[PDB]
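In what follows, one protein chain appears twice in different forms, each by itself as structure tokens: structure 1 and structure 2.
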Structure 1
């Protein structure tokens, strides 16, 4: 049986989409750029901060220096961090708490494999820190998803090889990263985004100990 489970944060344990959106919109409003609405915000989901900022600047053909760019990105981040102060245990996705409990009582290791610079903070706010045997520090990895680095680091951090592990993810790039680490991927979402050569569940309520075991057995 698998010895560890490697969790992504956003889209698996929780998300902070309403807060990211609110931060970008506030920044657009502040600098006077029209068009940053819910619909357009879709084009920023999963995109880096710099690339999101550029897409927003592009709505007004607006041109800025390096320092101005850096400052606008900082301001969007400052907004975002203020907004996430209200993350609570109610933000935990369905099934996840029970899953973490079952994993722990069966002595299966639990690690975070997230690019989020606010991972430890967010796990504290949701009261999940005591379940986590480790958190891979995204600052200490050479390359981000779909590079496998972070899943490799997560597995190693809990004393296992990736090949002893299951990875859970909601993004194509994350699925590829788990694949290339050597761990077994189980996605949440749809085959159109994730691929159809991996097991996928519709939502996180389907992530149960019992189910991960059947998947490991096949």
Structure 2
């Protein structure tokens, strides 16, 4: 049976992917880049602060100085951090709190595999910190999503092999990271964005221990 569930945070645990999108779009427009719309944003979900900024800057022909680059990333984060100050337990996505309780009752490890340095703060805002057996620090891995490092680290942090773990993600980059880690991915979002090669659910209410078991018993190979 699987022995661990590796949780992405933003867009899985709570609608915080929407906040990252709005913050990145605002930053981009401030520097005259209007290409960050929902479609383009799918390429930003799951990627690190610096990687997100560079993907946005790639839309421009000229480059910014190292000094401006650093200021831009900080500017976006300062805005994002203000945006999430009022997040509360009421903001936890449907099914997530129950899933955490069910996993603990069944002795299945719970680890956070978020690329966000604001992850710990958000779990505290939502009164979810106590459910996690481990939080993989995104600053410790040598390579961020789509690299599998963070999921491999989350699994190791709870003493479980990635091959015996399920990863929950809402992004293209994150799903790739799960795939290359050896864990089984179950994405949440629309088929047009995440693919038709893995199991995808339309919303988090589908993330029940019953369903994770249903899917796991159906894994290939």
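Only residues modelled in both forms are compared. Basically, rigid core = biggest C-alpha set you can superpose within 1.5 Å across the two forms. Residue numbers count along the first chain shown, from 1.
Each of 182, 73, 130, 86 but one sits over 12 positions from any hinge; the one at the hinge between the rigid parts between structures 1 and 2 is 86. Once the larger rigid part is held fixed by C-alpha superposition between structures 1 and 2, the smaller part shows a rotation of 26 degrees. Taking the rigid core as reference, the CA displacement of residue 82 between structures 1 and 2 comes to 2.8 Å. The shift recorded for the CA atom of residue 191 between structures 1 and 2 is 1.7 Å, with superposition on the rigid core. Superposed on the core, the two forms differ at residue 159, whose C-alpha moves 0.3 Å between structures 1 and 2. Shifted stretches between structures 1 and 2, defined as 3+ consecutive common residues each with a CA displacement of 2 angstroms or more after rigid core fitting, are limited to 15-80.
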